[PDB]
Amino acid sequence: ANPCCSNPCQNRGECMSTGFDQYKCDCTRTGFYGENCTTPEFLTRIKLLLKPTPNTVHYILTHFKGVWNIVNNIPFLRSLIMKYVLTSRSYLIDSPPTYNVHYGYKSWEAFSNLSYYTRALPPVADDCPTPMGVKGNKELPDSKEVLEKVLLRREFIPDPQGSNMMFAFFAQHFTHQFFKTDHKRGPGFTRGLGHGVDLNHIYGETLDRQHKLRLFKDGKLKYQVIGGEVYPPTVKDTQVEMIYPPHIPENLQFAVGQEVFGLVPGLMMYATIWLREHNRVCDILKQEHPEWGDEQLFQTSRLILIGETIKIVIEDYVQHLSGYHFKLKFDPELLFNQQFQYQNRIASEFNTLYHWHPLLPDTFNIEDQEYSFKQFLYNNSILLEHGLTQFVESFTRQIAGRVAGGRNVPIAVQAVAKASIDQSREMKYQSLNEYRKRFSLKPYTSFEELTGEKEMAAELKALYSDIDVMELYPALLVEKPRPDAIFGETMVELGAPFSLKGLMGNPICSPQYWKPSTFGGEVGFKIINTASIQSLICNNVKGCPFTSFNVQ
C-alpha cells in the first residue's frame, strides 16, 4: 500500500507519503529538484560531467607505477593526495546516523538506541507488494538455489592479488570487534555498542570483563606461559565467559576479549600477538613513567594499541586490498581543517558486504600438515603444537581465495552463506541497484554486465528475471572483479566510505586526542606512528619471522 514502495525519489532525496496514494520527495541539498529529484541544478550538471567514474580512478591508481613512486617520495604531495582520498569518500555516510532495520524514517529511537546496526538505505516497507518494493515476483528465488548455482566453490579460486592467510585471519580478527550480531534480538542488532575500533575484542566489551582479563600490575593483561611461550589466560583462571564446545579441556579454554575467538586457531593467533603487544607497550611506558600506576599504564597502552591498529589497517591492510601504487597514510592532521564528524555507527550493510568467506582455503596448511575445517575449528592444540612462529610463516605462504568472481564460497560454511542471503531478506534490504545508486554507481543493466561472463549470468537471470531485483549480498560475490583484483566495483565503493568513518572517526584521531600527551609522550606517540604488520609480528613473535599480507 505504501506509495513510497517503488523508491521513487532519486539522488538521495527522501520519500514521504502524503496520503494513501501520494508521495512527496524532499530534495533538500541533493543538488536536484523536481518530483523525483531528477532535474539537476546548473552547478550539479557541471560537477557530474567532470566527475570521473570509480573504474577510471581505479585504473589510474593501479597503473603508472613509475609516477606513483615519484609521488610517494614527495611528502607534501603524498599528503595532498591522501587528503583527497579521505575527503572524496566523506559525503556518502550519514553521520549522525539515520535509519535501521525497524525505522525507514528518521526517529529518536533510531538515533539513540545503540543496539541497532544503522542502515545506509532504509528497509523496504512491510506492506510493499514485493520484497524489493514493487518490482519482481511476490517471492525472491530460493536461497539454497542461488547459493548452489553461483556461490558454492567448485575448484578453489586463488586470489590474484596474492592475499594470504595472515590477511584473511587479520580481516576476521579486526572486524569481529564491531561485527558482533546479537542473535537474541535478531540480525539487525549488535553487541558492539562502541560501534568501531575500541579493541573490545582484546579488552572486553564491559568493565567487568575487562577487569577479569587484567593483571592489575604494571597495566598488564593476565597471561600464562606454555613451553616458554606467552599465551592468553584460561577461563578457569579468569572466570571470563567464552564459547567452547563441551569436549574442550579446561587448559585449552583460552580467555580473550571476544567470546568467540576460541572458534579458530587463526583468531587465537592474533589474540595472542595483540595480548603480547599490550604488555610490551606496558613495559615501555613503565620505563618512561616509573611514577605511573597500573590504571594509567593500562589505559595509555590501550590508547596506543587502538592507534597501532588504525595505523596498520590503513597502511598495510587497506593498502594491500586496494591494489593502489599510491602509499596510503594514517595522518589525522589531514582532516583538521576539513569538515568531519568524529563519530561512527556501524551499518548493517557494512557487516553484510564484509562476509568474505571465499577467502577461506579448502585446508589450513601449517608447517607440513593440512587440516580440514573439521580438524581446524575449536582446536587450539594446533596452535600449541606448532607455535606462533610457525603459524606466521605458514600463513604468510598460504594463498587465500578470491572473493568476487562467483562460486568460491567453501561448502564447509555454506550455512553461513545461506543465512547471509536469508537474513538480508529478513532485514528487508533494498536491491543491488538501489545500493549502487545510493553510492553514486551506475545501475547494472543486465546480469552479464554484473558478472562479466555468460554462464552465471544466465543462471541468475533464470532465478531473478529482472536485474533491478538482484540482491546485494549474492551480487557482491558474483560481481566481475577489477582486472586481477580480489573485489568488484560495488564491494570497494560501498566498503570504502563505511571503513573511513570507522577508522578516522575514532576519538583518538580528533584534535584534542591526537597529541603525544594522550599517549604517554613522544615515545608512546612514535609507537603508533611507526606501527606496521611487520613490526607487530617482529616484536611479539619469537624469531622475528618475515610477514606480509601477500604471498611471496
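For every residue, the number given is its place in the sequence shown, counted from 1. C-alpha atoms forming the largest set that superposes within 1.5 Å between two forms make up the rigid core.
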In 6 other deposited structures of this protein, rigid core aligned: more displaced of 73-81 and 298-306 by C-alpha RMS: 73-81
RMS CA shift, core-fitted in 6 other deposited structures of this protein, bigger for 89-97 or for 463-471: 89-97
Stretch with the higher entry mean CA B-factor, where the candidates are 215-223 and 369-377: 369-377
Between 136-144 and 98-106 (mean CA B-factor, as deposited), the higher: 136-144
Of the residues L335, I411, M165, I306, the one carrying the largest Cα B-factor as recorded: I411
Peak C-alpha temperature factor (PDB record), options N73, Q343, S424, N279: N73
Chain thirds of CA B-factor: placement of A458: highest
Third of the chain, ranked by Cα B-factor, where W514 sits: lowest
Third assignment of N506 from its chain's C-alpha B-factors: lowest
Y429, C-alpha B-factor rank within chain (lowest, middle or highest third): middle
Chain third (lowest, middle, highest) by recorded CA B-factor, residue given as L275: lowest
